[PDB]
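To start, the structure under review is shown below, and the notes come after it.
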Amino acid sequence: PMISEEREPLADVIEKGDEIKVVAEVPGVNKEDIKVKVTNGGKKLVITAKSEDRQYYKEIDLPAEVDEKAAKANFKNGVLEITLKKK
Amino acid sequence: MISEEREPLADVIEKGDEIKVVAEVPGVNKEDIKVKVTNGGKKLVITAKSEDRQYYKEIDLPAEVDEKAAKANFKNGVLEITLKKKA
């Protein structure tokens, strides 16, 4: 349908020194529905999810420059776990 | 590792015979969820437990509902349950 609601999801950051872990609650979307892009040289993170049920958008400022190269993604029961390696 | 119980986002919508209650409880597996009906028709009680996240919610229903009746479904961290109004 034409009209949708866009929410800002709950997210948290864990700065283990080696890794940066981002966890977001995005219930109501499938994994395929989710897109993450690192921006600003790995300074920043963006999350977009759209599903018939839900719409989510998030901007996150990371502690350190990070690289997409080793990055991994987990989605369980509506919670998204992302781990990135700092550059 | 500190536990705090949380109150889930819930929307209750009633159409016709049915009352549909929607709850977001991400983090939690479906077997870790408990749904029960109390105080005759009026109130619906939801319990979700997992190590990382725990939820409890109680909802006062617009109309009394039979406890036994239900259709319930879980998807991507979202719980949808369908309730029948008392005859």
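Lettering and numbering for the structure tokens are positional, with chains as A, B, ... in the shown order, residues counted from 1 in each chain, and ligands counted from 1 in the shown order.
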Against chain A, which residues of chain B fall within 12 Å? For each one I want the closest pair of atoms and the distance in Å (one decimal), counting only C-alpha atoms, rows by chain and increasing residue number, as JSON lines.
```
{"residue": "B:8", "atom": "CA", "partner": "A:27", "partner_atom": "CA", "distance": 11.4}
{"residue": "B:9", "atom": "CA", "partner": "A:27", "partner_atom": "CA", "distance": 10.6}
{"residue": "B:22", "atom": "CA", "partner": "A:28", "partner_atom": "CA", "distance": 11.0}
{"residue": "B:23", "atom": "CA", "partner": "A:27", "partner_atom": "CA", "distance": 9.9}
{"residue": "B:24", "atom": "CA", "partner": "A:27", "partner_atom": "CA", "distance": 6.7}
{"residue": "B:25", "atom": "CA", "partner": "A:27", "partner_atom": "CA", "distance": 7.8}
{"residue": "B:26", "atom": "CA", "partner": "A:78", "partner_atom": "CA", "distance": 5.0}
{"residue": "B:27", "atom": "CA", "partner": "A:77", "partner_atom": "CA", "distance": 5.3}
{"residue": "B:28", "atom": "CA", "partner": "A:77", "partner_atom": "CA", "distance": 6.3}
{"residue": "B:29", "atom": "CA", "partner": "A:77", "partner_atom": "CA", "distance": 6.6}
{"residue": "B:30", "atom": "CA", "partner": "A:77", "partner_atom": "CA", "distance": 8.7}
{"residue": "B:31", "atom": "CA", "partner": "A:77", "partner_atom": "CA", "distance": 11.9}
{"residue": "B:32", "atom": "CA", "partner": "A:77", "partner_atom": "CA", "distance": 11.6}
{"residue": "B:50", "atom": "CA", "partner": "A:77", "partner_atom": "CA", "distance": 11.0}
{"residue": "B:52", "atom": "CA", "partner": "A:79", "partner_atom": "CA", "distance": 11.0}
{"residue": "B:53", "atom": "CA", "partner": "A:79", "partner_atom": "CA", "distance": 10.7}
{"residue": "B:74", "atom": "CA", "partner": "A:77", "partner_atom": "CA", "distance": 9.1}
{"residue": "B:75", "atom": "CA", "partner": "A:28", "partner_atom": "CA", "distance": 6.9}
{"residue": "B:76", "atom": "CA", "partner": "A:78", "partner_atom": "CA", "distance": 4.6}
{"residue": "B:77", "atom": "CA", "partner": "A:77", "partner_atom": "CA", "distance": 4.4}
{"residue": "B:78", "atom": "CA", "partner": "A:28", "partner_atom": "CA", "distance": 6.0}
{"residue": "B:79", "atom": "CA", "partner": "A:28", "partner_atom": "CA", "distance": 9.4}
{"residue": "B:80", "atom": "CA", "partner": "A:28", "partner_atom": "CA", "distance": 10.9}
```
Enumerate the residues of chain B with a DSSP assignment of strand (DSSP E), computed from the backbone, and present them as a ChimeraX atom specification.
/B:5-6,9-15,18-24,33-38,43-49,54-60,71-75,78-84
My list of candidates is B:85, B:64, B:71, B:46. Which is closest to residue B:10 when distances are computed with only C-alpha atoms?
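Checking each of B:85, B:64, B:71, B:46 against residue B:10, counting only C-alpha atoms, the winner is B:46.
In this comparison, which uses only C-alpha atoms, the residue of B:86, B:81, B:4, B:63 approaching residue B:45 most closely is B:81.
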So which residues touch residue A:17 within 10 Å, counting only C-alpha atoms, skipping near sequence neighbours fewer than 5 positions away, as a ChimeraX atom specification?
/A:63-64,85-86
If I take atom CA of residue A:84 and atom CA of residue B:3, how far is one from the other in Å, to one decimal?
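Spanning atom CA of residue A:84 to atom CA of residue B:3 is a straight-line distance of 26.2 Å.
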For residue A:5, work out the shell of residues within 10 Å, counting only C-alpha atoms and skipping chain neighbours fewer than 4 positions away, then give it as number ranges by chain.
A: 50, 53-56
Atomic separation - atom CA of residue B:12 relative to atom CA of residue B:54, Å
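These atoms are spaced 20.6 Å apart.
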